[PDB]
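Chains as they are written, first to last, in the authors' numbering: chain A, 2 to 213; chain B, 1 to 213; chain C, 1 to 213. Each residue gets a CB set at the ideal place from its N, CA and C atoms; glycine is no exception. Each remark here refers to the structure printed beneath this line.
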Ligand SMILES: CC(=O)OCCNC(=O)CCNC(=O)[C@H](O)C(C)(C)COP(=O)(O)OP(=O)(O)OC[C@H]1O[C@@H](n2cnc3c(N)ncnc32)[C@H](O)[C@@H]1OP(=O)(O)O
Ligand SMILES: CC(=O)OCCNC(=O)CCNC(=O)[C@H](O)C(C)(C)COP(=O)(O)OP(=O)(O)OC[C@H]1O[C@@H](n2cnc3c(N)ncnc32)[C@H](O)[C@@H]1OP(=O)(O)O
Ligand SMILES: O=C(N[C@H](CO)[C@H](O)c1ccc([N+](=O)[O-])cc1)C(Cl)Cl
Ligand SMILES: O=C(N[C@H](CO)[C@H](O)c1ccc([N+](=O)[O-])cc1)C(Cl)Cl
Ligand SMILES: O=C(N[C@H](CO)[C@H](O)c1ccc([N+](=O)[O-])cc1)C(Cl)Cl
Ligand SMILES: [Zn+2]
Ligand SMILES: [Zn+2]
């Protein structure tokens, strides 16, 4: 569930109106995450790369209100917590589906939740096997077959859609660092450059930290 | 060219097609670096030039995959049997470009005959479309050889039902022991997922690493 | 300021202007790295700070090229004699930004006078546009100094007839013995092709590598 944001006392109330109504826009930015440390943490564990990245991304998002915003009854709200909606691939059809699972700050509980959803739905070729996407969501996708330096979604109508869209590519070694490309796409009504940078820098810190 | 009506009812992506055509219309771009170390070395011995060879290889990779030859015709999904490249050419005298097309052939020598013929007839014409209207069965290829980029994205005001891939290359540059060509690929999500764009780029990489004859 | 009414009928891009304004309305972004190794050394013997110097050099390069100073005014294409930078200013206390403008000068010292004056008058003002309406003859410049990026693109719902370039710079980063500044340039294709954007980036690179004094 959610709270109504106090727009009238917000430092960004002018910006919110401006980028929602006067100059509606968002932006994407693609950055490399250094996963050198994370790969060492992983290689010494039983967790898999994609669910760990999902967990760390969702953890970072759940720290920052402006990454959990939405419009409900034409008012700005903030979800208390958001769950990741992530894509999965079906090699037999060469199609993908979107699944979600409950976020938990505990990585072991997260992994339980994830592996359970995968067990039930990993072969289901419906686009949305679980039915309606949780309203409190953040979108995560990977393209593990190719490296990219840039990714951008051209959406014909993004009116009042404020959930961040995160896309990863195939990681690759670049000199002395193992680098994961990560695109983050937001609506400027709720996120400026500073908030996106804060998110990325926090995710980088999480990748460089003990997993638990 | 010739086309066939696609069987959407029996398509594994039937649901995705409706979703990304009607519910959430969108496409995406991505920019990837192609390793052209082997190609540049191959081209050192070739009668043919870098840009027309890249056009040929891009067109060959596109022609391999049905989802990169899709269109709406008469408000139904079709697949072109084959698509022809429409490429941009620069005019040094005016600092303007034109778009030319030529018939695709899987045989590089025949392609280059076709390419040279179009260039001979039209290369000095400063009209945007010297040949008249773009053939319906087309891909778009452009080069920006004057600057290296890591990103390129087209912001198109109305891309409704436009499914032909748009390919843009930057100035190549050396990165450690490889020569890398930045290549941007922009598609519509109704017909192409990340898998299909990745498959295209990786196939193109294979073709760049292939013998020219 | 002063502007001229552009002769579209005798323009070499008459047909491109029509095409990308009306037939296929679009623009593009592209992100490139600027080598600021020389500039950074230049600034180690200067009182001038990195951000205003970059504003100056970007504005200087834009002011050299007519196609980066275009607009629609009284429903016709015009060229501004000169454009002034509108730049984003960050307020650390609130973690919000404002947009400020100051007059462009070809003299770096006068430009810095102009910049420091506006900062003194308005740096504590949290309004988005403290000075009032953006000057009609403007260029937009933003910094995003907190994170390095290789791509940046603005997804603008309606960009009809907006021809002023949008320039965005990231956190600079050391790569070997080069210090690289990511720079995104986003234009309308009606007034700028790949050639002009490349020409702008390369000119900026040349200015960064030149004496400031
Ligand atoms: C947004 C947007 O897309 O706008 C741009 C619109 N498009 C245009 O303006 C058209 C641009 N096209 C061109 O300039 C030319 O068609 C192009 C790419 C230079 C090819 O010219 P061309 O037919 O004479 O054939 P090429 O031999 O391939 O090119 C001439 C030289 O440029 C070199 N070259 C071609 N493409 C590239 C590249 N991407 N990076 C670096 N060098 C290049 C090529 O290797 C050759 O070099 P050398 O002489 O050292 O061997
Ligand atoms: C436009 C757009 O967004 O389209 C994409 C649409 N989405 C899709 O098509 C779904 C793509 N997703 C997938 O393919 C799978 O979810 C994905 C990413 C491979 C994860 O699969 P998985 O859940 O079985 O779990 P993982 O162990 O993390 O991944 C499987 C393997 O790939 C490796 N891997 C996963 N992600 C990456 C990556 N980004 N780069 C390099 N290697 C990777 C991982 O190391 C493991 O290989 P090894 O066992 O040999 O070490
Ligand atoms: O469509 C989705 N994912 C795709 C996968 O390629 C993509 O990441 C995307 C995400 C969000 C989106 N949006 O909200 O506009 C559009 C595409 C989810 Cl809505 Cl299932
Ligand atoms: O306009 C074209 N090419 C430009 C050159 O900058 C660009 O590559 C482009 C391609 C396709 C396009 N579209 O289909 O939306 C828009 C721009 C061709 Cl359609 Cl002529
Ligand atoms: O909105 C502005 N700047 C933002 C900062 O994130 C961005 O650089 C931007 C610039 C121009 C623009 N436009 O003209 O469509 C949209 C966003 C200025 Cl108009 Cl104040
Ligand atoms: Zn309003
Ligand atoms: Zn018209």
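Span of the beta strand (DSSP E) holding residue i?
{"i": "residue 15 of chain A", "result": "Note, residue 15 of chain A: premise wrong, no beta strand (DSSP E); alpha helix (DSSP H) at 14-18."}
{"i": "residue 35 of chain A", "result": "26-35"}
{"i": "residue 138 of chain B", "result": "138-144"}
{"i": "residue 158 of chain C", "result": "Premise fails: residue 158 of chain C is in no beta strand (DSSP E) and is neither H nor E."}
{"i": "residue 210 of chain C", "result": "No beta strand (DSSP E) holds residue 210 of chain C; DSSP gives it neither H nor E."}
Let's test the definition: count the other Cβ atoms within 10 Å of the Cβ of residue i and tell me whether it reaches 16, buried, or not, exposed.
{"i": "residue 127 of chain C", "result": "exposed"}
{"i": "residue 205 of chain C", "result": "buried"}
{"i": "residue 69 of chain C", "result": "buried"}
{"i": "residue 22 of chain B", "result": "exposed"}
{"i": "residue 175 of chain C", "result": "exposed"}
{"i": "residue 121 of chain B", "result": "exposed"}
{"i": "residue 5 of chain A", "result": "exposed"}
{"i": "residue 80 of chain C", "result": "buried"}
{"i": "residue 27 of chain C", "result": "buried"}
{"i": "residue 137 of chain C", "result": "buried"}
{"i": "residue 211 of chain B", "result": "exposed"}
{"i": "residue 67 of chain A", "result": "buried"}
{"i": "residue 84 of chain A", "result": "buried"}
{"i": "residue 71 of chain B", "result": "buried"}
{"i": "residue 190 of chain B", "result": "buried"}
{"i": "residue 9 of chain C", "result": "exposed"}
{"i": "residue 213 of chain A", "result": "exposed"}
{"i": "residue 173 of chain B", "result": "exposed"}
{"i": "residue 73 of chain C", "result": "exposed"}
{"i": "residue 219 of chain B", "result": "There is simply no residue 219 of chain B to check, as chain B begins at 1 and stops at 213 in what is shown."}
By DSSP, does residue i sit in helix, in strand, or in coil?
{"i": "residue 198 of chain B", "result": "helix"}
{"i": "residue 89 of chain B", "result": "strand"}
{"i": "residue 96 of chain B", "result": "strand"}
{"i": "residue 60 of chain A", "result": "helix"}
{"i": "residue 204 of chain B", "result": "helix"}
{"i": "residue 69 of chain B", "result": "coil"}
{"i": "residue 172 of chain B", "result": "coil"}
{"i": "residue 22 of chain B", "result": "helix"}
{"i": "residue 3 of chain A", "result": "strand"}
{"i": "residue 84 of chain B", "result": "strand"}
{"i": "residue 191 of chain C", "result": "coil"}
{"i": "residue 79 of chain C", "result": "strand"}
{"i": "residue 179 of chain C", "result": "strand"}
{"i": "residue 152 of chain A", "result": "strand"}
{"i": "residue 185 of chain B", "result": "strand"}
{"i": "residue 101 of chain B", "result": "strand"}
So the alpha helix (DSSP H) residue i belongs to, where does it begin and stop?
{"i": "residue 117 of chain B", "result": "108-122"}
Touch test, the segment 55-64 of chain C against the segment 99-112 of chain C, Cβ-Cβ under 8 Å, three pairs minimum: yes
Examine the Cβ distances between the segment 179-190 of chain B and the segment 31-40 of chain B and report whether three or more of them are shorter than 8 Å.
yes
*asked:* Is it the case that the segment 142-158 of chain C contacts the segment 193-209 of chain B, given that we only count it when at least three CB pairs across the two stretches are under 8 Å?
replied: no
Decide yes or no for the touch test of the segment 17-33 of chain B against the segment 128-144 of chain C: beta carbon pairs closer than 8 Å, at least 3 of them.
no
When the Cβ atoms of the segment 41-55 of chain C are set against those of the segment 188-195 of chain C, are three or more pairs found closer than 8 Å?
no
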